[PDB]
Structure formats: C-alpha cells, structure tokens
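One structure is given here, and the rest of the page talks about it.
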Amino acid sequence: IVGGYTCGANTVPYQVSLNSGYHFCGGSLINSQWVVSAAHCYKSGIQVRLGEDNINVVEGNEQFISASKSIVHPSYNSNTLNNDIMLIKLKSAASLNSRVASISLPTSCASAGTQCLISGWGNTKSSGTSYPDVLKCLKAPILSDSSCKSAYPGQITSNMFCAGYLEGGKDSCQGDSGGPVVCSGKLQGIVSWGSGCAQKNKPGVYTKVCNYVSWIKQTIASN
Ligand SMILES: [Ca+2]
C-alpha cells in the first residue's frame, strides 16, 4: 500500500497473509474454513496465516493453517486477468473472536463514490521498493466505470472496477494482491492489478466480488 497508514494490530480481523516460506499475497477470511484471494496468487503448498500484524514477529494472536484445496475460478484468464478470483479451503477451521473474524459477502454491488478500506503488506513506494513488516491501510473511493475505462482503454471487463485517486500518490501495490476491498462492512473487491503503483491516471483495478457470490456459495456448499 502506497500513501496509506498503519492499520493497528488486528483492526482488520479478516485479513490473511498467504505464506509459502515468505508472504506473497493477501486474502480474506469468509468463514471459519474458507479464504478468498486472487487467482493470480495461485501456488501449491500454501499456508494461511491469520491474526497477523507484524508478519516477521510472533505476537500471540496468530493462527497458521495449511490449505487442503485451492479452486481457481473456472474462467480465469491469466493474460487479461478476467475472473481473477480463487478460493482456498483450510485443513481445519479457524477459531473466530474479535481479532480473527470473517467478512460478509455482499448482497448488492457497491456504487461509484462509495468509500472502501484496502489493506495489505505490499510495497509502500511508487518508485523503488520497501516492504513493511506491519499491516498498512488505505481509504479509497470506487471510481466510475467511465473513468476506469478511460484510464485503461480496452482492458476493463464487467468483472473489474477501479478504486483510488486519479491524481496518484495513494494505491495498493505488489504484495497487496489477493487482499480485501471492504465497503460498508462487506467484501466488494480483491486486489488484482494496476500499471505500476500510485501513478497519475492509473488507479488500482479490483475484482468485482458481487458478480461471484453464487459461484462462491455453491462451491463452499459442495467442497
Ligand atoms: Ca506475527
């Protein structure tokens, strides 16, 4: 996250870190046994880390649970990033409380102008590299479809939305991928892609979770 603020320990209780020896992507806990992330985050041998603030220090609220099954969306296209969404089932159910909690799936799609919270352990610089040890947060609005399409001609599908600031300076970034965009207490987005980070006229692009609720629910019910 570029231009954000330090969240504070366990203030984002649904945030997960996906670990394969090192943090590589974010995700969101949607019930005690299932995590949603980006399809482009797919790897074999994932450990999900819940209750994290500093990802390099054991602070006492962590739960580490291996993935038993990963399911990339049937229509994921890695060239276009259309349908950039994946489900991860945990080998055992997490223990839920105030510091580790699930986030609700949306009933409806959020509108342009809605303020959302985006979080993760990704790069904090628009040029150069600096990865934080603690979780960072950013409040950003959903942009209109017209402004999103004008920023990225020919690249925005009905399964994506833009959020952020056209002036630049504030955005998600590499390493935030797969993480949550929460608006009005509901999961509306997954951190997906963007051209660099925090560049002028190049906002973040997010997977539009409201289009996937049927597939998520049906999948969970049968796996
Ligand atoms: Ca920790």
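Lettering and numbering for the structure tokens are positional, with chains as A, B, ... in the shown order, residues counted from 1 in each chain, and ligands counted from 1 in the shown order.
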
Could you please write out, as a ChimeraX atom specification, every residue of chain A that DSSP assigns to alpha helix (DSSP H)? /A:145-151,213-222

Skip residue 27 in chain A itself and residues of its chain fewer than 4 positions away, then list as a list in words all residues within 6 Å of it, counting only C-alpha atoms. residues 16, 36, 37, 178 and 179 of chain A

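Closest approach to ligand 1 from the set A:15, A:126, A:44, A:63 is made by A:63, with distances taken over only C-alpha atoms and all ligand atoms.
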
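Minimum atom-to-atom distance to residue 190 in chain A, evaluated using only C-alpha atoms, belongs to A:83 out of A:77, A:111, A:6, A:83.
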
Taking 5 positions as the minimum chain separation for residues in the same chain, which residues sit within 6 Å of residue 208 in chain A when counting only C-alpha atoms? Answer as a count of residues only. 3

Shell of 9 Å around range 143-156 of chain A, only C-alpha atoms, local chain residues under 2 positions omitted, as a PDB file with N, CA and C atoms, in the first residue's frame:
```pdb
ATOM      1  N   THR A  80      -5.533 -11.593 -19.479  1.00  0.00           N
ATOM      2  CA  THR A  80      -6.404 -10.439 -19.264  1.00  0.00           C
ATOM      3  C   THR A  80      -6.705 -10.154 -17.798  1.00  0.00           C
ATOM      4  N   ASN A  82      -9.128 -11.356 -16.327  1.00  0.00           N
ATOM      5  CA  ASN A  82     -10.582 -11.518 -16.171  1.00  0.00           C
ATOM      6  C   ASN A  82     -10.868 -12.726 -15.235  1.00  0.00           C
ATOM      7  N   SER A 111     -21.669   1.092  -5.388  1.00  0.00           N
ATOM      8  CA  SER A 111     -21.661   2.142  -6.416  1.00  0.00           C
ATOM      9  C   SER A 111     -20.356   2.990  -6.436  1.00  0.00           C
ATOM     10  N   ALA A 112     -20.047   3.637  -7.585  1.00  0.00           N
ATOM     11  CA  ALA A 112     -19.032   4.701  -7.674  1.00  0.00           C
ATOM     12  C   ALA A 112     -19.284   5.754  -6.590  1.00  0.00           C
ATOM     13  N   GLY A 113     -18.216   6.187  -5.946  1.00  0.00           N
ATOM     14  CA  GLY A 113     -18.294   7.172  -4.898  1.00  0.00           C
ATOM     15  C   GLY A 113     -18.270   6.571  -3.505  1.00  0.00           C
ATOM     16  N   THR A 114     -18.540   5.275  -3.387  1.00  0.00           N
ATOM     17  CA  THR A 114     -18.509   4.591  -2.087  1.00  0.00           C
ATOM     18  C   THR A 114     -17.074   4.511  -1.570  1.00  0.00           C
ATOM     19  N   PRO A 141     -12.025   5.728  -2.677  1.00  0.00           N
ATOM     20  CA  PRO A 141     -13.369   5.569  -3.262  1.00  0.00           C
ATOM     21  C   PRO A 141     -13.368   4.697  -4.508  1.00  0.00           C
ATOM     22  N   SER A 158     -16.551  -6.343 -17.284  1.00  0.00           N
ATOM     23  CA  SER A 158     -17.654  -6.200 -16.339  1.00  0.00           C
ATOM     24  C   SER A 158     -17.327  -6.795 -14.964  1.00  0.00           C
ATOM     25  N   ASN A 159     -16.236  -7.564 -14.894  1.00  0.00           N
ATOM     26  CA  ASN A 159     -15.805  -8.196 -13.620  1.00  0.00           C
ATOM     27  C   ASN A 159     -14.721  -7.432 -12.855  1.00  0.00           C
ATOM     28  N   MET A 160     -14.499  -6.160 -13.226  1.00  0.00           N
ATOM     29  CA  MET A 160     -13.462  -5.338 -12.620  1.00  0.00           C
ATOM     30  C   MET A 160     -14.034  -3.986 -12.261  1.00  0.00           C
ATOM     31  N   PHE A 161     -13.472  -3.373 -11.234  1.00  0.00           N
ATOM     32  CA  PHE A 161     -13.758  -1.958 -11.020  1.00  0.00           C
ATOM     33  C   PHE A 161     -12.473  -1.269 -10.634  1.00  0.00           C
ATOM     34  N   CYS A 162     -12.467   0.054 -10.768  1.00  0.00           N
ATOM     35  CA  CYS A 162     -11.311   0.851 -10.359  1.00  0.00           C
ATOM     36  C   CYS A 162     -11.599   1.523  -9.038  1.00  0.00           C
ATOM     37  N   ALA A 163     -10.593   1.613  -8.200  1.00  0.00           N
ATOM     38  CA  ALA A 163     -10.728   2.399  -6.954  1.00  0.00           C
ATOM     39  C   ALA A 163      -9.426   3.117  -6.666  1.00  0.00           C
ATOM     40  N   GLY A 164      -9.530   4.304  -6.076  1.00  0.00           N
ATOM     41  CA  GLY A 164      -8.334   5.022  -5.828  1.00  0.00           C
ATOM     42  C   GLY A 164      -8.450   6.487  -6.195  1.00  0.00           C
ATOM     43  N   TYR A 165      -7.339   7.065  -6.653  1.00  0.00           N
ATOM     44  CA  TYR A 165      -7.230   8.510  -6.892  1.00  0.00           C
ATOM     45  C   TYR A 165      -6.526   8.759  -8.203  1.00  0.00           C
ATOM     46  N   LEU A 166      -7.199   9.453  -9.109  1.00  0.00           N
ATOM     47  CA  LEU A 166      -6.629   9.721 -10.430  1.00  0.00           C
ATOM     48  C   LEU A 166      -5.380  10.609 -10.371  1.00  0.00           C
ATOM     49  N   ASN A 201      -3.327   8.999 -13.158  1.00  0.00           N
ATOM     50  CA  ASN A 201      -4.292   8.478 -14.146  1.00  0.00           C
ATOM     51  C   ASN A 201      -4.229   6.958 -14.334  1.00  0.00           C
ATOM     52  N   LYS A 202      -3.665   6.286 -13.334  1.00  0.00           N
ATOM     53  CA  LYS A 202      -3.555   4.837 -13.344  1.00  0.00           C
ATOM     54  C   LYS A 202      -3.974   4.246 -12.005  1.00  0.00           C
ATOM     55  N   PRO A 203      -5.287   4.227 -11.739  1.00  0.00           N
ATOM     56  CA  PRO A 203      -5.730   3.718 -10.445  1.00  0.00           C
ATOM     57  C   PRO A 203      -5.648   2.197 -10.353  1.00  0.00           C
ATOM     58  N   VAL A 205      -7.033  -1.637 -10.033  1.00  0.00           N
ATOM     59  CA  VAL A 205      -8.117  -2.394 -10.605  1.00  0.00           C
ATOM     60  C   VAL A 205      -8.352  -3.600  -9.694  1.00  0.00           C
TER      61      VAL A 205
END
```

Given 7 Å and only C-alpha atoms and all ligand atoms, residues near ligand 1 as a count of residues only: 9

Got a sec: who's within 8 Å of residue 176 in chain A, counting only C-alpha atoms, leaving out chain neighbours fewer than 4 positions off, as a ChimeraX atom specification? /A:1,25-26,119-123,172,191

Store the residues picked out above, limited to N, CA, C and O atoms, as a CSV table (one decimal), in the first residue's frame.
```csv
chain,number,residue,atom,x,y,z
A,1,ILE,N,0.9,-1.2,0.0
A,1,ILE,CA,0.0,0.0,0.0
A,1,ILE,C,0.9,1.2,0.0
A,1,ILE,O,1.8,1.4,0.9
A,25,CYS,N,1.1,-12.9,-0.9
A,25,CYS,CA,-0.2,-12.4,-1.3
A,25,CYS,C,-1.1,-12.2,-0.1
A,25,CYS,O,-0.9,-12.9,1.0
A,26,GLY,N,-2.1,-11.4,-0.2
A,26,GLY,CA,-3.2,-11.3,0.8
A,26,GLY,C,-4.4,-12.2,0.5
A,26,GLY,O,-4.4,-12.9,-0.5
A,119,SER,N,-6.3,-3.1,2.3
A,119,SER,CA,-5.2,-3.3,3.3
A,119,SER,C,-4.3,-4.4,2.8
A,119,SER,O,-4.6,-5.2,1.9
A,120,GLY,N,-3.0,-4.4,3.2
A,120,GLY,CA,-2.0,-5.4,2.9
A,120,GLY,C,-0.6,-5.1,3.3
A,120,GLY,O,-0.3,-4.0,3.8
A,121,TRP,N,0.3,-6.0,3.0
A,121,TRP,CA,1.7,-5.9,3.4
A,121,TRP,C,2.5,-5.7,2.1
A,121,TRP,O,3.7,-6.0,2.1
A,122,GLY,N,1.9,-5.1,1.1
A,122,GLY,CA,2.7,-4.8,-0.2
A,122,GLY,C,3.6,-3.7,-0.1
A,122,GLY,O,3.7,-2.9,0.9
A,123,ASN,N,4.3,-3.4,-1.2
A,123,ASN,CA,5.3,-2.4,-1.4
A,123,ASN,C,4.6,-1.0,-1.0
A,123,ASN,O,3.5,-0.7,-1.4
A,172,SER,N,-3.0,0.5,-3.9
A,172,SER,CA,-2.4,-0.7,-3.5
A,172,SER,C,-1.2,-1.0,-4.5
A,172,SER,O,-1.0,-0.3,-5.4
A,191,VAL,N,-7.8,-7.2,-4.5
A,191,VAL,CA,-6.7,-6.5,-5.1
A,191,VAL,C,-6.1,-7.3,-6.3
A,191,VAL,O,-5.7,-8.5,-6.2
```

Those of range 5-207 of chain A in DSSP strand (DSSP E or B), formatted as a ChimeraX atom specification: /A:5-6,15-19,23-31,34-37,47-50,63-72,86-90,104,115-120,136-142,160-163,171,180-183,186-193,204-207

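Proximity of A:32, A:184, A:177, A:10 to residue 99 in chain A, computed with only C-alpha atoms, is greatest for A:10.
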
Find the residues near residue 13 in chain A: any atom within 9 Å, counting only C-alpha atoms, skip ones fewer than 5 places away on the same chain, and give them as a compact mmCIF listing (two decimals) with N, CA and C atoms, in the first residue's frame.
```txt
# COMPACT_ATOMS: atom_id res chain seq x y z
N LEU A 29 -10.73 -13.86 4.97
CA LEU A 29 -11.44 -15.00 5.55
C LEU A 29 -12.94 -14.75 5.41
N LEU A 50 -3.42 -16.34 9.85
CA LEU A 50 -4.47 -15.46 10.37
C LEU A 50 -4.00 -14.70 11.60
N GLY A 51 -4.69 -13.59 11.96
CA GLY A 51 -4.33 -12.91 13.22
C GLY A 51 -2.99 -12.17 13.20
N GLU A 52 -2.48 -11.90 11.99
CA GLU A 52 -1.17 -11.26 11.78
C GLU A 52 -1.25 -9.75 11.89
N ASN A 97 -13.14 -14.95 16.84
CA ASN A 97 -13.22 -13.99 18.02
C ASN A 97 -13.14 -12.52 17.49
N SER A 98 -12.77 -11.50 18.29
CA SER A 98 -12.72 -10.10 17.78
C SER A 98 -11.50 -9.78 16.90
N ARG A 99 -10.40 -10.49 17.13
CA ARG A 99 -9.16 -10.29 16.38
C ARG A 99 -9.00 -11.17 15.13
N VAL A 100 -9.74 -12.28 15.06
CA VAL A 100 -9.81 -13.11 13.85
C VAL A 100 -11.29 -13.34 13.57
N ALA A 101 -11.76 -12.83 12.45
CA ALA A 101 -13.19 -12.79 12.15
C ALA A 101 -13.40 -12.88 10.65
N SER A 102 -14.56 -13.38 10.24
CA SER A 102 -14.88 -13.46 8.81
C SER A 102 -15.49 -12.14 8.37
N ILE A 103 -15.42 -11.88 7.08
CA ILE A 103 -16.07 -10.72 6.48
C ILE A 103 -17.24 -11.22 5.62
```

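Distance check against residue 85 in chain A using only C-alpha atoms: of A:194, A:64, A:71, A:104, the minimum falls on A:71.
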